[PDB]
Every structure is written in structure tokens, then in C-alpha cells.
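Same chain, two versions here, written out as C-alpha cells and called structure 1 and structure 2.
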Structure 1
């Protein structure tokens, strides 16, 4: 098997460290790409465009000066939920509301009119956003979630198209192409003049994100020992956790959505540049039937590891003899039908995927709309990343010490309970709300590594990959379904959070059924 070749060549040497660092670095920026939506697509307060305020001629026509606060009351109906109406304007100016008495029900909807001239957004915190540019407000409010869904749709498509491709052309080639596609698509989306064009380039960016993620995952775990695999994943996950901290650093500097996207998607040009000086997986070359390339790559890895003589001793005969087990009897991937045929495994599978979905649905429903969780988004963005790392290390320590099943159940249950508690406390006590939201997101980050490590060992080795793929697809499908739930928020902001908090609790409670180890 290739394990003998890896042992002969290395496994935990200089080359592994260098390649791991190089592959880990881009995941921060990949996280930034996904988490862009919070700052690029922020929704500011949108008053209606009123002639008597913006047009200076009309305002100056009246003798004397009238305060903006008092002048607004004559041309904007008092809106629902304690604010000036964000989608209606008075048909004619009304001075009754001004001087003597205040009309609660008199400012009825009969005299109102839709925003014919457009809206006037607030630029105090964000210079520009996608919502302001294309007026994704009032009747078009549903467009913002949909767009997000479309982005998360691309992730579902990319993994469905970059998987069979990576097994035909090679992992590193597809990874390089994905870096280039990311850079180009981001730069194009920065300049999108129309809304469908921006959505299309966002879909392409999601495609490239999926390709990069899967190729990196396959590359790191094919050049390292099987004993270090549990550790490797964490190094990848922790890298993503740093993106949060980076995002808040970038968003706090540039407040224009176009410049934000351009800054985010530029480094991937450098990533594509240095992608050339990387290592193609020797396992794929050897099993596919390309022995010259595999031998040269293995000798290169041996030279980097510092053992030139050992690398030189390798010959085609030894390589063929060592790899006969995998090549002589080709292990074709066990069909999903075969995995679902066995009565014994069914209970294990149905629960397992149920966890994946529960994580994917709940995370992307809460992460992308971070405004509802707290008061300001910069502090929440920083704190999510700051708290994920201790959580993601404590989960590994508990898995080593405590059983996997209790940890898997507890993480999901606590995350769901934290979200449920967060949605109940009054908005006045912002500190409690923010802390509970941060802790829930941290618990979800913990559950990610817990389930990723655990699901591998549940099923036999023959059908393990099929089960992992099924779980990953379930996570992506729940991710697509996540944002659409926010449309229910019209009935009230509490319902989406109630759903997002209820799903993880049930998933965690069900996770107790599946066996330990």
C-alpha cells in the first residue's frame, strides 16, 4: 500500500509542514468570501424620498427655518414597530401632525402613497451597500435572502461537478483552476452593473469555493500519515476560524462594498501564482496508472524531506509491488445503493446525515444574517472567531479524553439552547443577547469538528467515503435551505430564530441514539 511508500519517504517532515501552511493560508480568505454578505449586503434605515426635505428649493421657500425632526412628521406616516414608515409617504403635506395635537390613528393608510421617487438611505456607517444600490427594500426585501441562497446553491453545484473532475485531471490542477476562477469571478462581481450579473458572478465564486475546499481537503490527507489525520483537520478548521477575525479587520477599514469585494478576492491571484510550486498527490498518480510522474514526484518529496539516497533507491518495481493491494483489486467506490441496502447500517446512516444537515442548515441561517443576533456586527464578528479557537481545541481534548457520543450530543444541544435563550431575552439587555449568540456560534463550530471526526469511524472502511459524501451533501442542501427560512421573519423576527434554535436541539437529542466509537 502507499502507506509503506509514505513511511519510506516521510510523513511528518519539512515538506508536510510547508505544504500544510501553504494550503491552510487560503482558507481564511475563503471564509472571508462567504462571510462578506454581512457587510456588503447590510440593510440601513431607508426613509422615503420626500420633496419637502431633499429638494432645497421647497425647504427654503417656507419663511424661517423648520427643524428636520418636526418637518419629517408632516410628510412621513408613523410606521409600524416604533419608527417612521420605511415604505410610505404622505400624498400631501399635513400640518395637523405638526403643531397642536398628535394623530395616532388619523395618520391612516388611506392618505399614504408608495415610494414613487425612491428611498433615502443612511450613510453614517456604510458608504454603500448592495441593498442601497439596487433598492432591495420594501416589495423587493425578499431579494436579499434569495441572492444569498443562490450563492449557497453554487456550493452545492460545484462539489457535484468538481468531484468527478478532480478524479480525472488531478487535485492540484483543479485547485489551481479554482483559485483562478475565484479571483476572476470576485473581480467581475465587484464591477457588476446589474443585479442578475452580480448574482451570476456570486454563483461562480461559490463554485470556485467548493472546488478549492474539496481539493485542499483531499490534498492534505493524501500526503500525511493516517495517524495524524485527526490533527490535520483541526489545523484546517482553525484556519477558517481566523478568517472571522480577519473579516472584521477588513470590514472596519473599507466601507464600500465594491472595494471590500475587490480587496477580498485579489489575493487569490497570488494563490494561483504560487499554486504551480506545489505537489500533486502521488497516490492518485500511482493508482491512476502514471508511474513516471509519480516516481518523479516521490523523489522530489524525498529530496525536500532531506533523504536523497532513500529517495533515489525507489524504483518502479518497488512502487508497483507496494501498491498491488490497491491496484490489483480496484476498490471502486461503494455505490450509495449498496450502502443503503444493508438493514444493519440504515439506522446509523439516517441519524448521521441528520446531524450534518442540522449543522449546515443552522449555521448558514445564522452566520449570514448576523445583524439580528446583536447590536453591532464588528464586535460579534471578532468575538465569533476569538471564541471558536478555544472551543475547537477543547472539543478535540474532550474527544481524546471523553467519548465522542456525549460530546456530539452536548455541542448541538448547547448551541440550540443558546440560540433559543438568545431569542427570548428583551432587546434592551444587549450584552446577554450578544454573549448568547457568540456562544451558540461557538458551539456550532465545535459541532463541526466533532461530527467531521466522528462520522468517519461510524461505518466500515469500504463504505466510509460514501457515507461521508452523503453527509457533506446533506450539509450543503441544508445550507441552501437555511436562508430561505428568513422569509418567515415577516410574521416576526422571533420565528426564524425559533426554528434555527429548535432544529439543533432535536438533532443533538437524536445523536444520542447512534453508538459510541
Structure 2
């Protein structure tokens, strides 16, 4: 509402605290939904099915007993990197390779049989997985990143439909609808019998995620005081930061792809239930002509804040007079035609969108394939969640006592360089490998928070929202494009990481040209 009304009702008080907690608690269970891919779509070791071992009759037919290690060679070509071929097998058994004296070079995949009877996955760490369920290996390997991209695509669609809709129906209504949509879509995805059905439900879940994010952010921004809008927006982000730790904790308990999804998505039903008691933003109600509901909402907030006499004295006449400043000046959003046309503003917007896209691309291309960064995924997730908090908190202090531009450049460049170095280190040493990956991810989070604080300040007041929205769209597009880099993994696992580490470095170096403050 207007400053005078929000002051007579109370800037920061009990109701603020309550609504912020209510709206931040779901953010953890939404970061869990976003990061569920790491655990529900893990890729375990997958040898090729062979009748000799799986079928006990053939194995028992041979007199005596033969060790599995020796009997696997006679039916699996020696694959690259001194290991069994994951997608090939021997068409017929070859006892010649059984003798260790003979060199195994002659035994190769020249006359190997492509997997016909299916794959045998390991269940030591994951009882079941999407990859092990729908055989997303070998020829279908590329289908794994695609499912991650489509989900991200949904987010881009959600922000494209939850913007105007929320501006015509409200924030509380769309928030409740998105909560229920997320709950139902996540519950239904657990029972998907085919890959396309699961992908469609994941896309709907992403739609709901975008809706929830935008609506909760807008409600928090509107119901908070002017001097603390970015602060509580960064609190919204810190909720996701702790959702990382929540995801790490939940995965270690349930080892499955359906039970994990169901447990992750079921709390959103309770979210929808209690979401019917939140407060619709009074600002939107007043500017959109809803006066009685706005008055009721303001009185409710004031009573909750402990001021009943102040609310009792409010009248529609004063309510309209307070909002006359906004009613008379009917600010309409400005199109990009008045933004990119000015030559003196092109470089700023270009660099801003470059930074937004670089983060949205590298971060979500790296975090989705968390297995490639380190040794085990649980420790990586826990450390990411633990470290992203202090980095984000310290970024604010750096901004306070240091310029915005140098902090942005340093954070982005250091994150990119750490990601690049993570690839160069020998693969045997996993400790520094995971440490460098964690430091790079924390630096990326710090850079994201810094750019979020920075983007609004460069552009004038009138054009700030257009530039912010353009940056968010660029970040979502980069997120969509991020997983597609892993498609360039057939050449080697190093190329995707090299791309992911080279992009942030160049973006940071470019981010030193835009003016300070």
C-alpha cells in the first residue's frame, strides 16, 4: 500500500515476520524439487546383460565353480579406461581370453554384440533410478540432459505466464494455485509409466515452481518496507540456500526415484491448505480498484500487528487520497523501444544481460551434473548448502565496504577460474576436486547475489523494471541452454567443464567496463 497507510498500519512487525516465515519455508522444499535431479536421475554403472552370469542354469552347467571376475572377461569386451564395455558384449563366449598369459589386446570389440537383452545396473548406492528404469544409457544417454532442459524450459514458460496472470487475478490466488499445481504434478510424476509422461509432469512442476517463486517474491516485496526490499529478496534466496541442505538430508534417507519424488512433493498439499490464510497484497488491490477488500486486508494486518484503533479509524476516502499519488500518475510499463534506442545505455544493458545469462547458464549446467564435479553427491550437496550461506552474507559486507563493480568482477572471475581448475586437477585426488567444485559453486552464488543487488542501481527508476525482467529472462534462457552443454561429452568429460569455466571468466572480465554504483 501507500507509505502513509503502511506506516499507520506498521512497516515491520509481527505480521511481516509471520508471512515471511510462511513464504520462506516452501522455498526449501522448492529447492529440493529443483535439485532432485542429482539423486533421482543418477547414472550407476551399467554392464550389459549376459546369459552366462544372470542365468544360473548355464553357470551351474559348467563343472566346478568359476569366479565372477574371470567369467566376466569371457563375455564382456575390455572397454576404454581399463574397464568393461557398458554398451557392448561378446556375441559368443571366448575361453581364450580366460588364460591370463594371453594378451587381452587381441580380444576387442571388433566382433562384439550390441546390447540386445538389456542392461544390468548396480543397486549398491541407489535402489532404483530413472536411468535404470527407462534405460537412459548408451544410445539414449542424450535423453538424460534433455529431461533436465525441458524442466528448466517450463520455468521460462511459467514466468512468461505467471507475470500477467498474477497481475490480473492477484498474488495470493496465483500462489495457492501454484502450490496445488506443484503438489499434484510432483505426486503424479512419481507414478509416470513412460518417459514422455514423466517429462510432461516435470515441465508442469517447473511451471508451478516459476509461479511460486515470482508470487512469493512479489508478495514479500510489496508487504515489506521500502528500505528493506532487496534484503528480504536476498532472504528469499537464502531460503533456497538452506533448501540445498534439506535436499542433501532427505536424499540420504530415501534411496529411490519414486518415493523421493513423492515425499518431496507431498508437503505442498499442506502448503496449499495453509496458503488460504495468507494476506493478499494491499497495493495491488488498491491500484486495481479493489477498495473494500484492500480496506479489510489493511485492517486485518493492523490488528495482527497490535493496532486496532488505527485500523478502526480508516475510511475509504483517506484510503483513496493516500493512493492518489499512484492513481493520478498511472505509470505504464515502458517498452524496450525506449531502452535500447539510446546509444548511451546499450553497453550497460548488454553487460547486465551477459552477466545474468552467464550465471543462469553455468550454475545450472554445473549443479545438475553434481556427480561429475566430485566423488560422492551427498557430501557435495551438504558442502554447497553450508558454504553458499557465508558467501552470500559476506558479499553484502563487501558491497558495503567495497565497490559493486570490483566485487562483481572478482566474484565471477574467481568462480569461473575455480571451475576451470577443478578439471585440470588429477582425477585420482578427489578431496581438492570436490573442494574446488564447492568453492566455484559458492562463488557463483555470491556473483548472482551481487548482480541482483547491482542490476537495479545502474538504470534509471523508470526503466529499472524492464532491465531487471530482461536479465531474469536471460538467466532463464541460459539455464535452459546449460544442460545442453553436457551433450558435448562424447568427446570427453573435460569439454563441458571447460565451457562452464570459460564462460564465467569472460563474463566477469566483461563486467569490469560498466560504470560503478
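Between two forms, the rigid core is defined as the largest C-alpha subset superposing within 1.5 Å. Positions refer to the first chain, counted from 1.
With the two forms fitted on their core, the C-alpha shifts between structures 1 and 2 stay under 2 Å for all of 431, 160, 249, 102 except 102. Superposing the two forms on their core, we find that the Cα atom of residue 343 is displaced by 2.0 Å between structures 1 and 2. The two forms, fitted on their core, place the C-alpha of residue 316 1.1 Å apart, compared between structures 1 and 2.
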